[PDB]
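Structure at a glance
Listed below are the residues making up each chain.
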Amino acid sequence: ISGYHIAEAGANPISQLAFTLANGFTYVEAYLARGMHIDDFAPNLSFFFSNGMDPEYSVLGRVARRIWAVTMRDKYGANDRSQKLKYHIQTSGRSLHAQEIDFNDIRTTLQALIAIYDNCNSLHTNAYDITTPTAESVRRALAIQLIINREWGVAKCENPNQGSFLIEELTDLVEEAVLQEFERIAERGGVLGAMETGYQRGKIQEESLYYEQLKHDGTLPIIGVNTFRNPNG
Amino acid sequence: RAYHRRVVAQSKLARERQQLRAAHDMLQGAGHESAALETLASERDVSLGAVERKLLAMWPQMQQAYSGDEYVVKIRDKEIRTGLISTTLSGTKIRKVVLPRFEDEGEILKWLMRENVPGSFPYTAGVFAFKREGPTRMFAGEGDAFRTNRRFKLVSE
Amino acid sequence: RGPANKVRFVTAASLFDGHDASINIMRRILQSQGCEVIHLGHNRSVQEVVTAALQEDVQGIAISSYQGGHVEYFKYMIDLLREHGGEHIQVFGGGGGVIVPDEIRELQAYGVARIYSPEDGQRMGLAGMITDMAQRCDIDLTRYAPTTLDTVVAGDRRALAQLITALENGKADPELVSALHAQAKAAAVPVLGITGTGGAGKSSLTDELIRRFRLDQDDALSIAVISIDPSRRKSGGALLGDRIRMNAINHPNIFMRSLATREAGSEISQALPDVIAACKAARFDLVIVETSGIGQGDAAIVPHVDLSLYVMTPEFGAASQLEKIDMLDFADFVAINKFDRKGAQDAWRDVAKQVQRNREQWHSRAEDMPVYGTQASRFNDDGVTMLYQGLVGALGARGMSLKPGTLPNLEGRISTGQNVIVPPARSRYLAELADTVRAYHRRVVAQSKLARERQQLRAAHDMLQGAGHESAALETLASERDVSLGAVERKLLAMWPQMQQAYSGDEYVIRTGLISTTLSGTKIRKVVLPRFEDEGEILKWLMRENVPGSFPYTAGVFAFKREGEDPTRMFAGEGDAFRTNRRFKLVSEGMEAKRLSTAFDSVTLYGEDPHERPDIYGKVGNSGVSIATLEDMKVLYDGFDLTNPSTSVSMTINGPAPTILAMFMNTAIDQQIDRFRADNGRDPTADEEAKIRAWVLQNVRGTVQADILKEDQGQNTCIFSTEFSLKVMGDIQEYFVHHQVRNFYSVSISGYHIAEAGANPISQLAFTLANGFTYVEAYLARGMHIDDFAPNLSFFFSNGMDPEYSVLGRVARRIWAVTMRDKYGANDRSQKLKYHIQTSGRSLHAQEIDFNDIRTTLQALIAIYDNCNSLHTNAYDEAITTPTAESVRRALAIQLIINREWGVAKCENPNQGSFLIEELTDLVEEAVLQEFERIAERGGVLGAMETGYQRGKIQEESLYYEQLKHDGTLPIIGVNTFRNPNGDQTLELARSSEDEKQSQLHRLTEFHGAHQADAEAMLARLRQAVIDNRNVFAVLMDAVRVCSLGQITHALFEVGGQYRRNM
Ligand code: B12
Ligand SMILES: CC(C)(C)C(=O)SCCNC(=O)CCNC(=O)[C@H](O)C(C)(C)COP(=O)(O)OP(=O)(O)OC[C@H]1O[C@@H](n2cnc3c(N)ncnc32)[C@H](O)[C@@H]1OP(=O)(O)O
Ligand SMILES: Nc1nc2c(ncn2[C@@H]2O[C@H](COP(=O)(O)OP(=O)(O)O)[C@@H](O)[C@H]2O)c(=O)[nH]1
Ligand SMILES: C[C@H]1O[C@@H](n2cnc3c(N)ncnc32)[C@H](O)[C@@H]1O
Ligand SMILES: [Mg+2]
Ligand SMILES: [Mg+2]
């Protein structure tokens, strides 16, 4: 179950997480209605998210894990292996730009950091470059993970997020926001019923436009793009 | 939402249960023996769920586990020891998993139910106990099957 | 086994260079491999290093040059060596990434043996370089030794230096030796021996005495100095550390040779009588011999000299110990040095009476004995002069023609240096502070236990009444704890619900927004409050880590971060004042708040004017802006309203800090004078100008570093003596108080420099806070209200990769706030510690420079998370050059991305709550307190510096780190692991234009010509300000108007002395 494309298309972190978990639960309900046991396909389910600059991304993983674990235990009565949501996080490619490509390593570092902090299962790091994935560009991207995992001091702790007032409050907020979105999809006939109306497509498109607007508006600052621009070009 | 409602209620119970027994021990330290407190306390032992009661019960044993320099856990017939400490150039012991220092059993249970340690339900801080030591997949795909295969063999040499 | 021959080295840092961290860990490996190392320390000209290497007759010279101008420097050295019979001496160098590959091939082609790049260090290893370096210099120098005394007696000092190397190694012909002693006997020159306990001040006193000789006799005396230091027989070589203390030996009439004992026991070289005889035959007017640290029953210097001088400190234990000291029975003079120490007076009366007893001169007064109380550390000490006057009279009777002196022929035996920085009563101030903090935390634990129990009781009381069974017995125990709780603590819990309602809404009623909404529609509160139910935890949190803007200000000294003025403040400085003024406008472009940070070139950092000599010329305008006159300073900040409320300038200067500050102040004043003359079309009257001038001083906003305590410990930019700098630094703060300069920071108490030298985060934080508290104790003993100077105290730290850096700021704030409140009883403005954080430069490398942006991002992040007051970000070409135009934008973008784009940053206290952060905060805090106790038991910060405790600990930690960086135990991506399969072009560099150098020279000579009349007069007034002990800075406010930086500095040298290096 992926959500990389959904976010990349323009969906904010809440929409991405909500739609993806919704899609995941859809597969579950689909397989169950084939008369299958929950402990037979749930441990095979893998997830795939995006990490951007938005605050919600910092707690995206932990929210996804809790919503899954609680529902898989209480609602579907599955075992421990099933309650464990494993996911891959890939840094936001949309968040990187063609103007001042050296700045992208800064953004890709910050995104890679909160991924590792939030104990992700798998991480991909984006290159600074538009151009083909040069062997030089891939090393700078690969070094970001190597530096954080090996050099960065805070990373030597495996649960540095836990305890933080900001993290716990954000976790609760995002979680509820996701649940509310579940209810919106549910009153549209489930995920399949919503797709019939193009609800998801519509909402993603709506948010992509809103982002692309504030970006041009100068309201949403992007360093090297709409502010602090290159004095040469 | 139902799960969280339970966390709030069970915390209120665990908190009150502690507050009562705490006051009971303080009265006996002054001389006054009022078992009226104990009745309300034992009343909340039943009010607490089976799962929740065991969570608070294992909390001191949990603290002793993540306290040492290693993490002893016996699977099958053998055991799997894991280091908890990484020491800095300054000589500071950085624990892999840092436990809270709450005194209130209401907060302890609340934390254990909402955000347990990595590798424990609801796996908020991770699905595994500790991170793996040492994974980078080898992606390749272009041209015909022959070229993609050669790249696969070359990278995975 | 070490080298085949007696291999000797001369090690130093280049001119106007403070970087000793590199050269210090090299002389350690050199010494351990069995080499005698004559360490000269930092800031050494070519004429200094070469003269040293020639007199010591070494095989090798090791120089570190991190300031640039290294090409000109090494070329000069190579040239000067060949010109003066030192062609066979090999020269080695290193400067990290500063010396680019092309310049290495150039210099090595010129004559330099080897210059090591950071890549060389990785491939060869630390020991590998020194092995290569030592094996090259493993040559026998006795072949260059003269066979006849013809050259030596004539006056050839180089032939003398080589003859000594022959005599010391015993390769000199027997018939030549006896012929030397024969002429040495007929020479009849006095030989003064100076012996004493270890570290008493034998070298320092020797230097001062020589200075007296020069000033008294107009440098007409030819003096030979033979200093002996003990040799570690384990390695084979030694650390001859006497020459480093000598500042008065830089003169053609002065010769000095450093000898190792070369025996694990004896305090004299086995060939000392030969070496002395060699100097006697070389027609020297006086020979002075310094021994090593001798015991109480040691006196091997007596039979070899004509006069002996025993040096001791007031600390010798009981008065009965003096009866065990053999040297008190032979010494012709006894110098009780360090007379500033406690119990110096009583120490003198014991030694005096003991000498009287040993000589059986009962018919004489005890005060008439040749026992003197000296303070060599003190410039122009009257005690030392008294000792000198005595030595002259003794040497006079022993056949030594000398002119009637020009010095104050005073009377007495004891120094009258009544100056004290920290009174011995307050000696254990750091320990008291440690107790103060620990006491505070003990209270938090107790008050929490009370608040918790109080709640638990009343909770149970309400639950019983809900069931029926009412027991007022509970309430009695509850009301009992209402009184147990303190007044302050009770109000804290009382305001907690009102506090929660405040940070809950969308605004903070002046009204401030609390909410920033994301693209998802999530409300991110600026300050996130805990949701604890336990009042024990609430109070515990309120006392240990309150919200930002509340005691103890752990999460920040201010309620909310500034709206427009970001903490960003980029360091800048290159070329002349004109070019840097462009870079200022580049950095501060697009920002309503102009926050400048000025970097000065190595020449200005050492208070020198730019000059034609290659020593200095090559360094002008490099590594920083070249500022020499007030006119340069004015140009530097042209177009910047310094008196504007949204404009702050941060100048990084230490040694000449008071002089530079006076220039800045005069600049800010002149700006408003020019602004008035334009808005009124007329010059302001004497009264109008007085009002303007006064107003400027009050509202001018900026920061001058000037932390001298860290100069001795870390940066080494101290030019005058440590005591004099502290004196003038106090003058500055007194000036500020008088003129109500309440917006400028008189000192940036730093630790960044200490850290980059090699100190781990704990050491950095501890030393810096210790230095800060030292200034506090110094000012308090000096008669200033704590609330008068504490709000003017600024801090500066480093942020590296280590875990402790994440909580460095919050720890510094709490330790300060608690101590300033409880211990010193200062007000709120004083309890608030404001600091600047700059990302670690040593954490960035020359290999794979693109990786540095990753590290600089992570470091910048935890700085902003921990609510820093000011932040500097390092460029990616950090290891190679001063930030290029393109390089400074990438560094500046790091802050812009985090502050604007990064989501978590929209919260202002994201650290708070974290189990890791709070545990780390507690650990680091206690670790700092323990270090306070270690410094306290060494006599405070000043007492520790006396032993070189800080410098020792820093250099040790620097070695430990470096041993691991090359090792691999400590992974560094792109350096010791994950290397490039290629091994990698030409990067743009920030060097100064030739035209810019000639510009600065022409501007200087033009400035000098302008005030040629008032120059000598003003400088004379300045020295009288020091002599009459008035306010130095007050005169500098006038001095910088007619005098250049160099003129002022050198004028102060005649009256304030020069810094004595401390290894
Ligand atoms: C630490 C440091 C400092 C510390 C110095 C602490 C101390 N007591 O030594 C502090 C913070 C005080 C400092 C201050 C300044 N510094 Co500084 N500093 C650095 C830094 C980060 C590393 C230098 C270092 O000590 N490295 C540790 C050594 C052991 O490693 P290495 O250099 O890679 O060396 C290896 C090999 O080359 C070999 N080698 C090196 N030297 C030698 C010598 C011998 C004899 C041998 C055999 C081998 C050898 O040994 C090592 C093996 O791995 C560099 C940037 C960088 N990362 O390169 C800037 C840097 C050198 N400093 C710089 C400047 C400009 C300054 C200042 C003048 C700034 C100012 N305007 O105020 C000040 C003032 C200095 C003064 N007091 O005069 C610039 C130089 C610019 C230029 N020359 O073009 C640099 C390059 C930073 C920059 N990018 O702007 N500095
Ligand atoms: C190694 C090497 C290279 C050699 C070096 O040493 S490089 C060294 C580089 N050094 C530096 O860059 C040092 C920089 N440090 C500083 O500038 C100095 O230490 C600094 C960092 C200390 C100077 O920083 P500032 O931004 O000017 O700010 P301020 O504290 O002066 O602020 C001045 C008033 O404005 C208000 N205010 C400010 N921020 C507020 C906020 N968030 N909320 C509310 N009000 C706020 C208050 O009224 C303040 O005054 P008061 O409280 O007395 O009423
Ligand atoms: N407090 C104090 N320290 C001094 C005095 N004279 C020298 N020192 C310091 O003592 C240390 C060692 O000095 P040094 O001359 O090398 O002693 P030596 O090893 O016996 O020759 C240095 O830190 C000096 O600054 C003094 O009169 N008072
Ligand atoms: C000592 C530290 O000071 C900084 N530094 C030194 N010189 C400059 C300069 N001209 N511009 C900017 N930063 C500088 C670097 O970050 C270095 O590591
Ligand atoms: Mg000495
Ligand atoms: Mg000595």
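Going by the header, the method for this PDB entry is X-ray crystallography, and the resolution given is 3.400 Å.

Right, let's get into the overall build of chain C. Helices and strands together make up the secondary structure of chain C, namely 39 helices and 25 strands. The C-alpha radius of gyration of chain C comes to 32 Å, within 12% of the 31 Å expected for a compact globule of 1063 residues. Principal-axis analysis of the C-alpha atoms gives chain C an extent of 115 × 70 × 70 Å.

In terms of regular secondary structure, chain B is built from five helices and four strands. For chain B, the C-alpha radius of gyration of 24 Å lies well beyond 15 Å, the compact-globule estimate for 157 residues.

Once that is clear, we can look at the interface of chain A and chain B. Contacts between the two partners involve 28 residues from chain A, matched on the other side by 26 residues from chain B. Contributing elements (two or more residues each) for the side of chain A that touches chain B: α3 (60-74), α4 (80-83) and α7 (165-186) of chain A. Broken down by element, the residue count for the side of chain A that touches chain B peaks at eight residues, all from α7(A). Among the residues making up the side of chain A that touches chain B, the classes are represented as six nonpolar, seven polar and 15 charged.

The subject of this paragraph is the interface of chain C and chain A. Between chain C and chain A, the residue contacts involve 55 residues of the former and 55 residues of the latter. Listed by contribution, the elements that provide at least two residues to the side of chain C that touches chain A are β16 (523-525), α31 (852-865), α32 (885-901) and α33 (915-936) of chain C. When residues of the side of chain C that touches chain A are assigned to their parent elements, the largest contribution, ten residues, is made by α32(C). Broken down by class, the residue content of the side of chain C that touches chain A amounts to 31 nonpolar, 13 polar and eleven charged.

This part takes up the coordination of the magnesium ion (ligand 6). All names here are of chain C. Those protein atoms acting as donors to the magnesium ion (ligand 6) are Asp229 (OD) and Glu290 (OE), and they sit at 2.6 Å. Between the magnesium ion (ligand 6) and the magnesium ion (ligand 5), a separation of 3.0 Å is found, and both are coordinated by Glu290. Linking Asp229 in strand β7 (residues 223-229) with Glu290 in strand β9 (residues 286-293), this pair joins segments that are 61 residues apart in sequence. The same class applies to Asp229 as to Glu290, namely buried.

What follows deals with the sheet that holds strand β8 (residues 254-260) of chain C. As a general point, the strands of a sheet are linked pairwise by backbone hydrogen bonds and lie either parallel or antiparallel. Residues and elements named next belong to chain C. If you walk across this open sheet you meet the seven strands as β8-β7-β9-β6-β10-β11-β12, and the pairing is parallel. The outermost strands of the open sheet, each flanked by one partner alone, are β8 and β12 (371-373). Pairwise comparison of adjacent strand axes, ignoring direction, gives a mean angle of 20 degrees for this sheet. Strands in contact with helix α10 (residues 202-217) are β6 (191-196), β7, β8, β9, β10 (307-312) and β11 (333-336); relative to β9, the strand with the most contacts, it is inclined by about 165 degrees.

Time to look at the site of ligand 1. All names here are of chain C. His19, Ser22, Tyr66, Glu878 and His966 are the nearest of the 43 residues found near ligand 1. Contact between ligand 1 and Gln715: a nitrogen atom at 2.9 Å from a main-chain N or O atom of the residue. A distance of 2.7 Å separates an oxygen atom of ligand 1 from a polar side-chain atom of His966. Listing elements by their share of the shell around ligand 1, those giving two or more residues are α1 (21-32), α5 (118-124), α6 (126-136), α24 (709-715) and α26 (752-756). In the shell around ligand 1, the residues fall into 19 nonpolar, 20 polar and four charged.

Only one protein atom coordinates the cobalt atom of ligand 1: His19(C) (NE2), located 2.5 Å from the metal. Counting through the fold element by element, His19(C) comes out in the loop between β1 (8-13) and α1.

Scanning all chains against the criterion turns up 113 salt bridges over all chains. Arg8(C) is the salt-bridge partner of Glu36(C), the closest N and O atoms lying 2.8 Å from each other. Pair noted here: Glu36(C) is in strand β2 (residues 36-41) and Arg8(C) is in strand β1, with a separation of 28 residues, a long-range link. As far as burial versus exposure is concerned, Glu36(C) and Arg8(C) are alike and both buried. When the shortest N-O distance is used, the salt bridge between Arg810(C) and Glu545(C) registers 3.0 Å. Of the two residues, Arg810(C) is situated in helix α29 (residues 808-822) and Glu545(C) in the loop between α17 (535-544) and β17 (571-572); the sequence distance between them amounts to 265 residues. For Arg810(C), a relative accessible area of 1% corresponds to the buried category. Salt bridges sharing partners connect three or more residues here, namely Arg66(A), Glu168(A), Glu169(A), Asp172(A), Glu175(A), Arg114(B), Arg525(C) and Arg531(C).

Okay, the site of ligand 2 next. All names here are of chain C. Taken together, 25 residues surround ligand 2, and among them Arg595, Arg701, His753, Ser794 and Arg829 come closest. The separation between an oxygen atom of ligand 2 and a polar side-chain atom of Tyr745 is 3.1 Å. Between an oxygen atom of ligand 2 and a side-chain N or O atom of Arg829, the distance comes to 2.4 Å. Protein coverage of the free-state accessible area of ligand 2, which is 1100 Å², stands at 77%. Looking at which element gives the most residues to the shell around ligand 2, the answer is strand β24 (residues 834-839), with three residues.

Below, the discussion takes up the side chain of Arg62(A). Position of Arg62(A) relative to the elements: it lies in helix α3. Contacts of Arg62(A), omitting those with residues within four sequence positions, involve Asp118(A), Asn161(A), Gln162(A), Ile167(A), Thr171(A), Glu115(B) and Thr124(B).

Turning our attention to the sheet that holds strand β19 (residues 647-652) of chain C. All names here are of chain C. One open sheet accounts for five strands, arranged β17-β18-β19-β20-β21; its pairing is parallel. Each having just a single partner strand, β17 and β21 (744-745) make up the two edges of the open sheet. Pairing geometry for β17 and strand β18 (residues 594-599), over two bridges, is parallel. By the bridge assignment for β18, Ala572 is matched with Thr598.

So, about helix α3 (residues 70-83) of chain C. Residues and elements named next belong to chain C. With 14 residues, α3 ought to run about 20 Å at 1.5 Å a step, and its terminal C-alpha atoms sit 20 Å apart, in line with that. Three or more residues of α3 are buried, namely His70, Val71, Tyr73, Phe74, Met77, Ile78, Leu80 and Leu81. The inward-facing, buried residues of α3 abut α2 (46-56), β3 (60-64), β4 (90-94), α4 (101-110), β5 (114-116) and α20 (614-617). Phi turns positive, to about 60 degrees, at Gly85, one or two residues after α3.

A separate point is unusual backbone geometry. Here the residue pair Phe121(B) and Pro122(B) is connected by a cis peptide bond, since its omega of 5 degrees sits within 30 degrees of zero. Cis geometry marks the peptide bond from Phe551(C) to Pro552(C); its omega dihedral reads 5 degrees. On the secondary structure map, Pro552(C) appears in the loop between α17 and β17. The residue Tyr123(B) is not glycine, and still its phi comes out positive at about 55 degrees. Here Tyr123(B) falls in the buried class, since its relative accessible area comes to 5%.

All right, on to the pairing of strand β2 (residues 86-91) of chain A then. Residue and element names in this part refer to chain A. Most of β2 sits out of view: five of its six residues are buried. In this structure, strand β1 (residues 46-51) lies alongside β2, joined through six bridges in parallel fashion. Paired with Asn51 across the strands is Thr91, a residue of β2. Pairing geometry for β2 and strand β3 (residues 122-124), over three bridges, is parallel. Paired with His88 across the strands is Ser122, a residue of β3. Assessed by its sense of winding, the connection that carries the chain from β2 through helix α5 (residues 104-117) to β3 is right-handed.

Let's shift gears to helix α11 (residues 272-281) of chain C. All names here are of chain C. Taken across its ten residues, α11 has eight buried, putting it largely inside the fold. For α11, the full list of buried residues reads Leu272, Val275, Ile276, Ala277, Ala278, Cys279, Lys280 and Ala281. Once α11 finishes, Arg283 follows within two positions and takes phi at roughly 60 degrees, a positive value.

Now for the pairing of β3(C). All names here are of chain C. The buried fraction of β3 amounts to five of the five residues, a majority that puts the element mostly inside the structure. Residue alternation in β3 divides its side chains into two sets, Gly60, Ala62 and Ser64 and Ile61 and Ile63, and both sets are buried. Pairing between β1 and β3: five bridges, direction parallel. Its bridge partner being in β3, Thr11 is matched across the sheet by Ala62. Of the strand pairs in this sheet, β3 and β4 are connected by five bridges, and their pairing is parallel. Bridged to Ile61 within β4 is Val91. In this region the chain leaves β3, passes through α3 and returns to the parallel neighbour β4; the handedness of that crossover is right-handed.

About the criteria used
- Residues numbered from 1 in each chain as written, not as in the entry; some residues may be left out.
- Chains lettered and ligands numbered in written order.
- Part of a larger assembly, values for the part shown.
- Heavy atoms only, no water.
- Residues with missing side-chain atoms left out of burial classes, pairs and counts.
- Helix = DSSP H or I, 4+ residues; strand = E, 2+ residues; numbered from the N terminus.
- Rg over C-alpha atoms; globule rule 2.2 N^0.38 Å.
- Contact = heavy atoms within 4.5 Å.
- Nonpolar A, V, L, I, M, F, W, Y, C, P; charged D, E, K, R; others polar.
- Donors = N, O, S within 2.8 Å, 3.2 Å for Na, K, Ca; no water.
- Buried < 20%, exposed > 50% of the residue type's maximum accessible area, 1.4 Å probe, protein only.
- Pairing = 2+ DSSP bridges.
- Axes fitted to C-alpha atoms, helices over the stretch in contact; angles between N-to-C directions.
- Near = heavy atom within 4 Å.
- Polar contact = N/O pair within 3.5 Å; in protein donor to acceptor, adjacent residues only side chain to side chain.
- Salt bridge = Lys/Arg side-chain N within 4 Å of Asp/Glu carboxyl O.
- Areas by Shrake-Rupley, 256 points an atom, 1.4 Å probe, with all protein chains shown as cover.
- Expected span 1.5 Å × (residues − 1).
- Right-handed = clockwise from strand over helix to strand, strands pointing away.

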